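Shown next, in structure tokens, is the structure this report addresses.
Protein chains: 2
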Amino acid sequence: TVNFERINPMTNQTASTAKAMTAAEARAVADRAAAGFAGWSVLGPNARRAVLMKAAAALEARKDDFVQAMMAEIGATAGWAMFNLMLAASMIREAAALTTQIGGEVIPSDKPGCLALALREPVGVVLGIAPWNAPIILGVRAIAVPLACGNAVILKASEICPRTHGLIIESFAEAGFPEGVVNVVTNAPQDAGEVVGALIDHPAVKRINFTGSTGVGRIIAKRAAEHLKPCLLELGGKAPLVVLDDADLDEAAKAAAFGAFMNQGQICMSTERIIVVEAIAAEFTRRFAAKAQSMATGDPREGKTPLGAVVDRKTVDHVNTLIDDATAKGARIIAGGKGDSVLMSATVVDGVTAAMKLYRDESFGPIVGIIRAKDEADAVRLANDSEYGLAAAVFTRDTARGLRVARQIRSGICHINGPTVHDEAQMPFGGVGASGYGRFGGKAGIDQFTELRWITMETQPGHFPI
Amino acid sequence: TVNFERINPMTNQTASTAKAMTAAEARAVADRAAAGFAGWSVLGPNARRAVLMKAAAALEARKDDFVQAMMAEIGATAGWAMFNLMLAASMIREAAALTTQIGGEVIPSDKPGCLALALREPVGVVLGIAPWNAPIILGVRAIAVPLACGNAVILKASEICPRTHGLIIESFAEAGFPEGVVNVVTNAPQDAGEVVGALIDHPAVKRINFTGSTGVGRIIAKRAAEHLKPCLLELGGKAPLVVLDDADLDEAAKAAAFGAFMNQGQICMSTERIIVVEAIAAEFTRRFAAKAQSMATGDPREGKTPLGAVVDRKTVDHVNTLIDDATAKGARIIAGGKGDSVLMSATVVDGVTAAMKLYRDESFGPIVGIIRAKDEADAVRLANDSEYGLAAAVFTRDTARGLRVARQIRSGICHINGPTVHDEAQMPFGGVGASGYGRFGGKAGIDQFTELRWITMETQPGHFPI
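Chains C and A, in that order, give the protein sequences. First residue of the first sequence? That's 5 in the entry's author numbering, and the numbers climb one at a time after it. First residue of the second sequence? That's 5 in the entry's author numbering, and the numbers climb one at a time after it.
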């Protein structure tokens, strides 16, 4: 009996503990999922919908356990935890709504009398690896539509929030899924490679969805290639927000502040780079600096400030390194600055250049860089000067120009006059380049967790050339 | 100036020669494709359709060069070459028909006034690696829908039929595509790893489609994972045809003979395993043996027989080994037999068991093994006793039972009362397991060669929580 612990970042005392599973124990979880698949996969759409609706209600019934777990494990505000619970429950109800919408197509054939079908069928066991930053939302995203598609699931819980992720599986356990359909795997950080490797290698595991860093994503894709397993990879992001000469500067500053500092900038689509054309750069910067200065940081347990704590000291040191590298290379701090605790200030760095680590590196903290563009063509080039391509935004009162710019930006997501932080269960969500491939949400999500099969039936005798 | 050659399997003289490109020359082809992409990607659907229709007519205009090239390079009959030409031209016209059908979706949003789009956009350069067995069909499949989707393409030609594949690109060159939109890469077999590796690593190459062996597919998938590139992998298989107790035995024997021996069994979906329930095994075997015995092999240049030559001596030695092995372990030879030349007989081995090499092996030659099943449940287990899962077929007069069996067979394709050999451009085509993932054809094919983007436009001011 071996456990690992998660230390509370606000108190430095144990927040929670969980089983440090071995590769053998993780394989036995996949064997239980493999055995539960057959029964669950043949259940009708209304019966499947009814179980998923019970899971959403059971998730909402564990509200007190979820708020305590998120606040203790990741240093979240009670508001961020309630937002997580609310939206996670809505995503389960969207997955329940989709069961009668997962079907197929009838395609006309040139073979006389041939009835030809393209059917979307359940695959088997889906492995869902979820991160800690929006833990209920992303733990639920890793398994909801996979379950609605008739698959058994393994939620590979984050070592940063094992209780928050464990509570998702305990909520689903009250809904009445058959035995072995919903499962959890927990592991110590040092065993991640061997435990995740053993699950990817397991013959019953047919689809892998992973949300996390590009570096770990590439390791997962290489391990999956060894057994020809398809992956849905939601990786890093360095979201740019472009401000053109006719942008509503008040609206751009409000959208940029919300996108840069929501959840202390710990979101895959947080605003990392603000690219402003020279014509309005001084005015935008003044408005944005004043807005970032008005957003206070405070103890998340008090619930009185827009910003709470970052996940741990590693983020504090990484953000401080990015600030020191930037200012040593000529950049200027125009809001916030370096911090000595997890209660970090909303920081704005002006004069960010290609020589600085902050221009390219994913900060995952409450820091944003302002980059100067000469004109629209230069702003597009700067927005595209990144290996990443998850979310992006463009601000302009000429929305037709916003569409021309969005078409040139290389990203999976682009919001015209909206913040970079935005997601809805019915929308396809994913990246290009180093941000990965595949999409969660809507019809694209269904395609990721079903097997498309060409099934035909003859109604006449065949006419063979030989 | 370095060339490789292809030797004619019927005469043992040079059939053709082609440039043995280096990794540097292959990268320069990808640079030309990258530069041609922008212009081609913004062309309207009717203008793109008109160019593709000219490509189909230019393909048909080079008929004499295609028939000579296929017969000389792979030992094909003029019939197999004309069939390849006819169907490849039809697939280009299907790709031309799809240009007005590649669009997007408008999805309702919970954000007031937000117009939300899910757009399928051109990706960039598509690398399409095509094999030699149905060289015009597969060479065209590797690029036709990728071109309709507004991408530039690189056809990575087979070293077994470099002139047949080179003629596809010369036909497309007559259609009026912009410069750098259609390209070819040729390489000596020993340079495949370095040339294909250099193209997969190239930043402009955004999608890879590969048709070939499982072993090479796994190498391609790992190389693609290093740069997070999505792949479409069609990796062949060991197609089972199941004959149940109420099957129309005459129809099953005709479909099995056509599927086992078309193109001398050198098709990814050729019938490799016939699984017969004991109730009708003796009668099916008699009918099938009589049918296989009536299918003669002859010199493909004479054009008087249903079977021509196998691609080379390697196949002859491999099929002879499968016969020696099976008959030494108690199998029965009921049609054909061993050969001393590329003109191989249509061979049928009965009483095949898991102790014989013919039970799991991909033969890619004119040989099929008959496996005895106790009943329907045993036949399903035997059909699924393979790492492969591309095509399969089930014969039964009870088509509802055919559907129940097809649902249990693990494959990307299943034909009820049809042969295992069947493809149509509008149908999704691909495998599961060791047969790969992704699908060519229909709407699934379009999704493989487009980038799905979530684009939104606000029509009201935002309401931000911070």
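Yeah, the Cβ is synthetic: ideal placement off N, Cα and C, and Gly gets one too.
Measuring alpha carbon to alpha carbon, tell me which of A/344, A/280, A/177 and A/302 ends up nearest residue 81 of chain A. Comparing C-alpha distances from residue 81 of chain A to each of A/344, A/280, A/177 and A/302 shows the shortest one belongs to A/302.
Under the rule that 16 or more other beta-carbon atoms within 10 Å means buried, what is residue 270 of chain C, buried or exposed? buried
Residue range of the alpha helix (DSSP H) that includes residue 199 of chain A: 196-205
Flag residue 67 of chain C as yes if its beta-carbon sits less than 7 Å from any beta-carbon of chain A, otherwise no. Contact of residue 67 of chain C with chain A is not assigned, every C-beta pair being separated by 7 Å or more.
Could you pull out every residue in the same chain whose Cβ sits closer than 7 Å to the Cβ of residue 125 of chain A, ignoring the five residues on either side in sequence? 454, 455 and 457
Quick check on residue 106 of chain A: does DSSP put it in helix, strand or coil? Coil.
Is residue 182 of chain A close to chain C, meaning its C-beta is less than 7 Å from at least one C-beta of that chain? By this cut-off, residue 182 of chain A is not an interface position.
Using DSSP with H/G/I as helix, E/B as strand and the rest coil, what is residue 305 of chain C? Residue 305 of chain C: coil per DSSP, three-state reduction.
Chain-ordered chain C contacts of residue 145 of chain A [CB-CB under 9 Å]: Below the 9 Å Cβ cutoff, chain C contributes no neighbours of residue 145 of chain A, its closest Cβ being approximately 15 Å away.
Mind listing the chain A neighbours of residue 390 of chain C? Cutoff is C-beta to C-beta under 9 Å, in chain order. Chain A residues near residue 390 of chain C: none, gap ~13 Å exceeds 9 Å.
Chain A contact for residue 152 of chain C (CB, 7 Å cutoff): No Cβ of chain A is located within less than 7 Å of the beta carbon of residue 152 of chain C.
Report buried or exposed for residue 321 of chain A, applying the criterion of at least 16 other Cβ atoms within 10 angstroms of its Cβ. exposed
Any chance you could list the beta strand (DSSP E) runs of at least 3 consecutive residues sitting entirely within the stretch 124-174 of chain A, in chain order? 129-133 and 156-160
Beta strand (DSSP E) containing residue 212 of chain C: first to last residue? 209-215
Quick one, which residues of the stretch 156-185 of chain A are near chain C if we go by CB-CB under 8 Å, in chain order? none
Along chain A, in chain order, which residues have C-beta atoms closer than 7 Å to that of residue 310 of chain C? 470
What is the rounded straight-line gap between the Cα of residue 215 of chain C and the Cα of residue 405 of chain A? 42 Å
Report, in whole angstroms, the separation of the C-beta atoms of residue 134 of chain A and residue 102 of chain A, which I expect to be a contact under 8 Å. About 20 Å separates the two Cβ atoms, so there is no contact after all.
Which residue marks the beginning of the beta strand (DSSP E) containing residue 21 of chain C, and which one marks its end? 18-23
Do residue 289 of chain A and residue 249 of chain A have their C-beta atoms within less than 7 Å of each other? no
How many angstroms separate the CA atom of residue 400 of chain C from the CA atom of residue 413 of chain C? 15 Å
Mapping DSSP to helix, strand and coil, what is residue 453 of chain A? coil
How is the beta strand (DSSP E) around residue 354 of chain A delimited, first residue to last? 351-354
Answer with buried or exposed for residue 168 of chain C, where buried requires no fewer than 16 other C-beta atoms within 10 angstroms of its C-beta. buried
Neighbouring residues, chain C, relative to residue 420 of chain A (Cβ below 8 Å): Residues of chain C passing the Cβ test: 459, 460, 461 and 462.
Bridge partner(s) assigned by DSSP for residue 290 of chain A: Partner(s): none; residue 290 of chain A has no beta bridge.
Please state the DSSP three-state secondary structure of residue 275 of chain C. strand
Contact under 7 Å by Cβ, residue 92 of chain A with residue 164 of chain A: Taking 7 Å as the cut-off, the Cβ atoms of residue 92 of chain A and residue 164 of chain A do not count as close.
Using Cβ-Cβ distances below 7 Å, what residues of the stretch 288-321 of chain A are close to chain C? 299 and 310
What is the DSSP secondary structure of residue 347 of chain C, counted as helix, strand or coil? In the structure shown, residue 347 of chain C sits in coil (DSSP, three-state: anything other than H, G, I, E or B).
If we count the other Cβ atoms within 10 Å of its Cβ and call it buried at 16 or more, is residue 287 of chain C buried or exposed? exposed
If you draw a straight line from the C-alpha of residue 222 of chain A to the C-alpha of residue 188 of chain A, how long is it? A direct Cα-Cα distance of roughly 23 Å separates residue 222 of chain A from residue 188 of chain A.
Backbone CA spacing between residue 300 of chain C and residue 31 of chain C [nearest angstrom]: 47 Å
Compare the C-beta of residue 430 of chain A against all C-beta atoms of chain C and say whether one is closer than 7 Å. yes
Spatially closest choice to residue 381 of chain C from C/43, C/368, C/408 and C/359, by CA coordinates: For residue 381 of chain C, the nearest C-alpha among the options comes from C/408.
Look at residue 246 of chain C and residue 387 of chain C and say whether their C-beta atoms are less than 7 Å apart. yes
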